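Topology and contacts: notes
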Amino acid sequence: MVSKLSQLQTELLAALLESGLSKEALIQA
Amino acid sequence: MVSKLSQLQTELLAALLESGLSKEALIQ
């Protein structure tokens, strides 16, 4: 069900939050 | 003011939303 694109998005979203980006900033952008 | 890490985060955010990820998933 999950495409390579969705898997890459999932992994980058996770890496962004682990790197310190706030959920609020995540939201705005 | 903006570090390399912050700049990379900004660029990846841009790219994620342009790729089609919803703001809702983004926030979740």
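Scroll up to find the structure.
Read on for an overview of the structure.

Below, the discussion takes up helix α1 (residues 4-18) of chain A. All names here are of chain A. A rise of 1.5 Å per residue sets the reference length of α1, with its 15 residues, at 21 Å; its end C-alpha atoms lie 21 Å apart and thus fit the reference within 8%. Burial in α1 covers these residues: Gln9, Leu13 and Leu16. Each buried residue of α1 lies within a common arc of 65° when the element is viewed along its axis, so the set occupies one face. Facing away from the buried side of α1 by more than 90 degrees, the exposed set consists of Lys4 and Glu18. Positioned one or two residues after α1, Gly20 has a phi angle of 115°, which is positive.

Secondary-structure assignment places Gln9 of chain A in helix α1. Given a relative accessible area of 9%, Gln9 of chain A falls into the buried group. Spatially, the C-alpha atoms of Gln9 of chain A and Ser22 of chain A are 17 Å apart, while their sequence positions differ by 13 residues. Here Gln9 of chain A is in contact with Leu16, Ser19, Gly20 and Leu21 of chain B, once residues within four sequence places are set aside.

The next point concerns the nonpolar core. Counting nine residues, the largest nonpolar core is built from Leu13, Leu16, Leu21 and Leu26 of chain A together with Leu13, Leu16, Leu17, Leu21 and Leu26 of chain B. Listing elements by their share of this core, those giving two or more residues are α1 of chain A together with α1 (4-18) of chain B. Considering every element that reaches this core, the biggest residue donor is α1 of chain B, with three residues. Setting aside anything within four residues of it in sequence, one finds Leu21 of chain A in contact with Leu16 and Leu26 of chain A together with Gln9 and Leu13 of chain B.

How each quantity is defined
- Residue numbers count from 1 along every chain, following the sequence as written rather than necessarily the entry numbering; any residue without coordinates is not displayed.
- Ligands are numbered from 1 and chains lettered from A, in the order in which they are written.
- As a convention, hydrogens and water are excluded, and side-chain values are obtained from all of the structure's heavy atoms.
- Residues with missing side-chain atoms are left out of burial classes, side-chain pairs and their counts.
- Under the DSSP-based scheme used, a helix requires at least four consecutive residues in state H or I and a strand at least two consecutive residues in state E, with every element numbered from the N terminus.
- To estimate how far a helix should extend, the number of its residues minus one is multiplied by 1.5 Å.
- Accessible area is worked out with a 1.4 Å probe on protein chains only. A residue is then buried under 20% of its type maximum, exposed over 50%, and partly exposed in between.
- The arc in question is formed by the directions pointing from the helix axis toward the C-beta atoms.
- Residues count as neighbours in contact if any of their non-hydrogen atoms are within 4.5 Å of one another.
- Residues belong to one nonpolar core when they are buried, are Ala, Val, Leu, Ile, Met, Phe, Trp, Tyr or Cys, and are joined through side-chain atoms within 4.5 Å.

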